[PDB]
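Listed below, chain by chain, are the residues.
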Amino acid sequence: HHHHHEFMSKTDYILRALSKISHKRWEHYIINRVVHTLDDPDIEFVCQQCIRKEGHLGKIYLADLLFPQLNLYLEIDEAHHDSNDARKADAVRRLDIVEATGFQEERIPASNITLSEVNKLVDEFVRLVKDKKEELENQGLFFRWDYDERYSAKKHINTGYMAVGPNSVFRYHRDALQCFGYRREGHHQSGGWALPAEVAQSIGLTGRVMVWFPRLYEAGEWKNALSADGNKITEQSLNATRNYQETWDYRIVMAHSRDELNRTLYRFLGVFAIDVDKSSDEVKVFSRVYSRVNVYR
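Per the PDB record, this model was obtained through X-ray crystallography at a reported resolution of 2.35 Å.

(A) Examining the environment of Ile-30 more closely. With respect to the helices and strands, the residue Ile-30 is situated in helix α2 (residues 27-38). The class of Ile-30 is buried, set by a relative accessible area of 1%. Along the sequence, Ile-30 and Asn-119 sit 89 residues apart, while their C-alpha atoms lie 8.0 Å from each other. Excluding anything up to four places from it in sequence, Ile-30 contacts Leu-74, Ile-76, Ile-108, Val-118 and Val-122.

(B) The arrangement of helix α4 (residues 115-138) in detail. The first and last C-alpha atoms of α4 sit 34 Å apart over 24 residues, in line with the 34 Å expected at 1.5 Å per residue. When α4 is considered as a whole, its buried residues turn out to be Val-118, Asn-119, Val-122, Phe-125, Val-126, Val-129, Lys-132, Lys-133 and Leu-136. In this structure, the buried residues of α4 make contact with α2, β2 (60-67), β3 (72-77) and β5 (104-109). Trailing α4 by a residue or two, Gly-140 shows a phi angle of about 65°, which is positive.

(C) Quick look at the domain arrangement of the chain. We note that the domain assignment places domain 1 (1-150) and domain 2 (151-297) within the chain. Listed by partner, the interface residues are 24 residues for domain 1 and 30 residues for domain 2. Together domain 1 and domain 2 conceal approximately 2,300 Å² of surface at their shared face, both sides included; 47% is due to carbon and sulfur atoms. Among the residues of domain 1 in contact with domain 2, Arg-94, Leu-95 and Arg-150 are the three that bury the most area, contributing 29% of the side total. Where domain 1 touches domain 2, the interface holds five salt bridges. The salt bridge partner of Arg-288 is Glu-99, with a shortest N-O separation of 2.7 Å. On the surface where domain 1 and domain 2 come into contact, there are eleven residue pairs in polar contact. Contributions of two or more residues to the side of domain 1 that touches domain 2 are made by α3 (85-94) and β4 (97-99). At three residues, β4 tops the list of elements feeding residues into the side of domain 1 that touches domain 2.

Analysis parameters
Residues numbered from 1 in each chain as written, not as in the entry; some residues may be left out. Heavy atoms only, no water. Helix = DSSP H or I, 4+ residues; strand = E, 2+ residues; numbered from the N terminus. Buried < 20%, exposed > 50% of the residue type's maximum accessible area, 1.4 Å probe, protein only. Contact = heavy atoms within 4.5 Å. Expected span 1.5 Å × (residues − 1). Domains from an automatic or database assignment. Buried area = accessible area lost by both parts, 1.4 Å probe. Salt bridge = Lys/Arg side-chain N within 4 Å of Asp/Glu carboxyl O. Polar contact = N/O pair within 3.5 Å; in protein donor to acceptor, adjacent residues only side chain to side chain.

Listed below in structure tokens is the structure:
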């Protein structure tokens, strides 16, 4: 009764996440204090996630702690942001970026503070976390961490739609495709998959829609890129036979990304469409149209 596709048990995740190396003076301490004193194994947490903030275009920050269920992250604020730029640059190349649209941001100054003050600010953050949980258990909106299902279709099918954010990430193509009527047992490995017309219409788009699983760097005979703000994709064909005319009205983009241990994940970037006047037969520019999309049934 193992999980045939899992690299890491939930317990191993928790152990490594808390014992991670850091260069910030207060980080390891704050993170452990929070999580240990929070003591709630139903609350999902993510450490050291790079994020985008709505309206800060092409800017990348670092959330030292992020809480996917509660729309909340913590920033341990180090006067010096230049040094974190190594990590950030790495995360950008791996596309380990979470669009934290909708998230409440909290801060804890990393500098000029006593142990005692840190303890204080952390106890407050923790109560704020417990509060957010209950504001939501109270409205029936809280679902307990489901680690086994973290990269599968299940939560998206249950919600009815999906949005860019921490949770709309998929292990395999087929996980993503199961959100859009894919019923095959088998795996899908190619770069694209056509929605049936009943599905496209059902989920509220029009015309011809595909799911695209692009690698947004230079690979094979494509030199592809994602824009600094994450709203434009450019696609450069490196082979003449490969040049084509775009015939899709919408592409649902599940981009290839990699985690810290370099395992492949697919990250929902939103729904895109071709920008005709900005494109040619060799280079195409797709602009983002929606950051959210309904899930089939």
